[PDB]
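S.K.: Right, I'll just put the structure down here and ask away after.
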Protein chains: 4
Amino acid sequence: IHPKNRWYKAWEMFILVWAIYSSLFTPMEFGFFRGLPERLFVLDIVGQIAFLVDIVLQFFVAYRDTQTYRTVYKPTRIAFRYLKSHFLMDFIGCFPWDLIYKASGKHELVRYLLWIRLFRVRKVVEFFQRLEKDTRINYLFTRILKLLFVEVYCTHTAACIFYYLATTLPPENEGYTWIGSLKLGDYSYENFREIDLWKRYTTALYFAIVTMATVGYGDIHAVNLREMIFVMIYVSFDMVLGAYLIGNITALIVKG
Amino acid sequence: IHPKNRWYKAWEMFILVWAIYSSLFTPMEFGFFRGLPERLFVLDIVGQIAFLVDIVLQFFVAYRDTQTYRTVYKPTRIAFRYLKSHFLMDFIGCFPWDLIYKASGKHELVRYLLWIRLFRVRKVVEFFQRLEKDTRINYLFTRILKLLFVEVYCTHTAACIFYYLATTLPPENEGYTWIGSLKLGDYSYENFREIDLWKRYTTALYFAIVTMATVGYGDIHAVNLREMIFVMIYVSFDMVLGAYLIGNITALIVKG
Amino acid sequence: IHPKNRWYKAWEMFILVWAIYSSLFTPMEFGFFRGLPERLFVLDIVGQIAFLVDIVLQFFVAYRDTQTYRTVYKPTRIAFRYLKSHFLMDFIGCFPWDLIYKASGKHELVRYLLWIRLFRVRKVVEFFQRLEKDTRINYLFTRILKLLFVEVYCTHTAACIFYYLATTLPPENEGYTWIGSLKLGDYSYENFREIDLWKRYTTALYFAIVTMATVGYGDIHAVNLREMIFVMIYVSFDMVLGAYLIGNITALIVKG
Amino acid sequence: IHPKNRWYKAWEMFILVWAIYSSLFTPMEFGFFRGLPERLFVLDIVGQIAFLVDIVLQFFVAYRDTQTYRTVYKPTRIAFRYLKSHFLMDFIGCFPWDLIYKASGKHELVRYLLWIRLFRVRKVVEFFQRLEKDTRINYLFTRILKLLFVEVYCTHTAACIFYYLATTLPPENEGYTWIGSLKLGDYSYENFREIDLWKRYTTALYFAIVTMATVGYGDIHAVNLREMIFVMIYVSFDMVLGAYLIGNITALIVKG
Ligand SMILES: [K+]
Ligand SMILES: [K+]
């Protein structure tokens, strides 16, 4: 397959949108849902098959030889390259990990395996790499946009994990978590497993976002020991991320 | 009209002062007032007619040709240029948007339309551009002053919007907002729609200012779900603004 | 007088120490004391006479001509230069402003005049200028040390002013201030005008210091409307100061 | 002894691991333990004897001559160099400072002397110096990693000291400390000297880490006057450390 082909470019954009959706949904899937509900069933399936098509197409596309800028259309070379680079993980990731979880005795570890899907963000990474290679956009502006996307995605994933760490404790001993002890205004999170999904997600995202900016107000904070450790890890990584963002912005203004 | 004319320069300064007042007052107009009170009536009218005169004058003045530095005084060219660039928005914004709101059944969308008047900040933007063009002031210092003004104005507008988001909820369900749940010292905001305008404005501005500096104390925070989303958007934009300011300062120090 | 004379250098160091003490004490004098207590009386007088001697000596020393590097010892030139630049304010600030306050009906404005002494920091400013001129120390390191001293001194002055703003309210209506509403641990600041000076000073300095670093915990915050305005001004100035410090550090690492 | 000898390199790595352990444990030993519990007895002795062996070996190895790059193996020179630079305090710190404390009337000052052992971090310092000398790693990346390690270690030591400052007060007057007044969720630190070591350490580390990132939430803050002073010193030093880290990152991005 000719790499720049008009149809292949459209397929790349389509799979990029699907990858963005899957990367944004999988942490939500794992954290806010101890097993998918019925309505999204078919949705999950089509996503899988969509990525399946991508696999059955990834065996066909020719690859640029990095050391020597020469295209290769031999099927053996491309097959072997896919085999070593990005085959086993995509295959193990597009398995149906929800029906497996429900059927196989509801063992959590098999869902813990649901995080295996996150390397679909490699599609967005390659998107940003191509955008950097393009001359219409400045290199450092592309780098900063990539960093902003990375910060937003890490904040979203951290919010999902932070909510998940509240469901680890038994439901009876729930007042000892970050959520369930909140009393914002007149609303008290008495039973936080019966509230609407969007309310809990927005609360967790609000906490994660105000922690990343470094405002830290203090209305939502850590109570458990696991939540404390997660908060320390998150802020330690966030500080370096923010320093890097400031560094690239300063670099463009100084040199660009 | 000769572009550099002494009288036209005085008119430009007068319109700049009026535009600064209008830009600082329109968010206050929209947020803190569900309809103007009677006292400022004539004041509002005066501003409108002033800008009307500006529009009448904006047609007469000749324009500089950017691609080829030749000044052209033909009325048709300046008329067409003003028609294309900055005519429709200025006129639609110079309509009386207060008496219309009161007469036409007190509908909210027409008052939402009052935000059109913020395009008068283009006058301050052009003023800073002229200051940058002037050789008496360093370019990066001008950029940093512009950035500081942008940060202050965005903080003021964010404070106005944050107070407005508290009035969206019905008056009976008011303890579920950022204001109305405050208990700073001995003063509790029991009925926050009966307090003086300056107290509410100062409280909102205090919250917005301590959120922008990133102190985030935590005496004033978000409670509603709409307030949470607004806070996330505010801090996400403010982080980039502050990083840009730090980059500009470091740029002048390193290079200048 | 020969500018580099060994005795004059010792006198300069002596007056530098006295100026540092006076600059650190005058905000404390104004804020924490509605009139000096008896014990420090003679101390105050001593400082005055010391600075008196300084100005008496300052009329004698020769001055360097910046435009043309030619030293002048003609007393008329140095006398006129001192009359022009730095005479009137030192004289008016070296008046006894405590006995004047106590004798003249305890009027508050004459005590507000006590802030004139803050221009003794010009001694430290010139000290840092000389240190920058010296080749033993790197220029940007000297600039950063000066910036850190400025930040610390501004924090100390802001703490003094913040405590003073709590004493403007009447003693009966004291629970509406930043102090007097504190309940840190088991200690409640019931009557904050009868507590030891060091406790109140340390509380105010703790608030100011954690506001400057941008931690902002939220145990000590603003309640009054005047305190809110002071906090906004302080954080707005502190943000620029911190950005400048980051810029200078980055400059030395990048270029030095 | 030949400096680059592989057995000596293995010994250096072994002593480096022991030094990392000792540096991470000594603040914990001093703060969280008023005398070691019996179980770690032999462990302590082992560390001591290990460092003893290091001292015994440190005499044998030849030293690089900095001014003139000639290797000298004469035992008198390496001896005198060790006697001058880094022995007296290595030995004084290699003394058994726990059994001394228990036997000699449980006097606190000899335990304060336990802080001498922190200069085993010179091993990690020389670790990073050699890594900087190595050409496989960029110099500024090595500096950034060293700064990150310094920040983490200073945070750990500050957490240990902050917990120690809570034990200085008598156990009866314990509610006036940073710990013992905590009411995180349903858990109240009623008697904080009976809780598990890991819970107290994690709480102190959580406070120190969120103070360093500058989030400052406000659930754990200072109450005592000693804690206030320690917090001011910590944040004043941490601000400079963070500015230095941002400067190094920006320099690497701009120049490298
Ligand atoms: K806070
Ligand atoms: K903060």
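Naming works like this for the structure tokens: A, B, ... for the chains as they're shown, residue 1 at the start of each chain, ligands 1 onward in shown order.
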Using only C-alpha atoms, find which residues of chain A lie within 12 Å of chain B and jot them down as a count of residues only.
M.R.: 54
S.K.: Taking 5 positions as the minimum chain separation for residues in the same chain, which residues sit within 8 Å of range 12-28 of chain B when counting only C-alpha atoms? Answer as a ChimeraX atom specification.
M.R.: /B:33,47,50-51,54,114-115,117-118,120-121,123-124,153,156-157,160-161
S.K.: So that I can check the secondary structure, give me every residue of range 25-133 of chain D assigned helix (DSSP H, G or I) by backbone DSSP, as a ChimeraX atom specification.
M.R.: /D:25-32,38-58,75-84,88-94,99-103,108-133
S.K.: Which of these, C:9, C:4, C:77, C:111, has the shortest distance to residue 30 in chain C once you count only C-alpha atoms?
M.R.: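 That would be C:111, the residue with the smallest distance to residue 30 in chain C.
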S.K.: Return as a VMD selection string the full set of residues in range 42-160 of chain D whose backbone-based DSSP assignment is strand (DSSP E or B).
M.R.: chain D and resid 63 to 64 71 to 72
S.K.: Excluding residue 52 in chain A and its own-chain neighbours fewer than 6 positions away, which residues fall within 10 Å of it when counting only C-alpha atoms? Please give them as a list in words.
M.R.: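 In the requested format, the answer is residues 46, 58, 90, 91, 94 and 95 of chain A.
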S.K.: Could you write those residues out with N, CA, C and O atoms, as a short mmCIF file (atom, residue, chain, number, x, y, z; two decimals), in the first residue's frame?
M.R.:
```cif
data_model
loop_
_atom_site.label_atom_id
_atom_site.label_comp_id
_atom_site.auth_asym_id
_atom_site.auth_seq_id
_atom_site.Cartn_x
_atom_site.Cartn_y
_atom_site.Cartn_z
N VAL A 46 -17.98 -2.63 18.52
CA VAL A 46 -17.60 -2.03 17.24
C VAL A 46 -16.20 -1.44 17.36
O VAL A 46 -15.36 -1.64 16.47
N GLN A 58 -2.70 -3.04 9.02
CA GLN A 58 -1.32 -2.69 9.36
C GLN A 58 -0.33 -3.68 8.76
O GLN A 58 0.85 -3.36 8.60
N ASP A 90 -1.13 -4.79 20.76
CA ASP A 90 -2.41 -4.43 20.15
C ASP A 90 -3.36 -5.62 20.12
O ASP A 90 -4.56 -5.48 20.38
N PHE A 91 -2.83 -6.80 19.81
CA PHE A 91 -3.65 -8.01 19.80
C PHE A 91 -4.19 -8.31 21.19
O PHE A 91 -5.39 -8.52 21.37
N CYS A 94 -6.97 -5.69 22.09
CA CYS A 94 -8.27 -5.66 21.44
C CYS A 94 -9.13 -6.87 21.80
O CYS A 94 -10.26 -6.99 21.32
N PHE A 95 -8.64 -7.75 22.67
CA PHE A 95 -9.47 -8.81 23.20
C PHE A 95 -10.67 -8.21 23.94
O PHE A 95 -10.57 -7.12 24.51
#
```
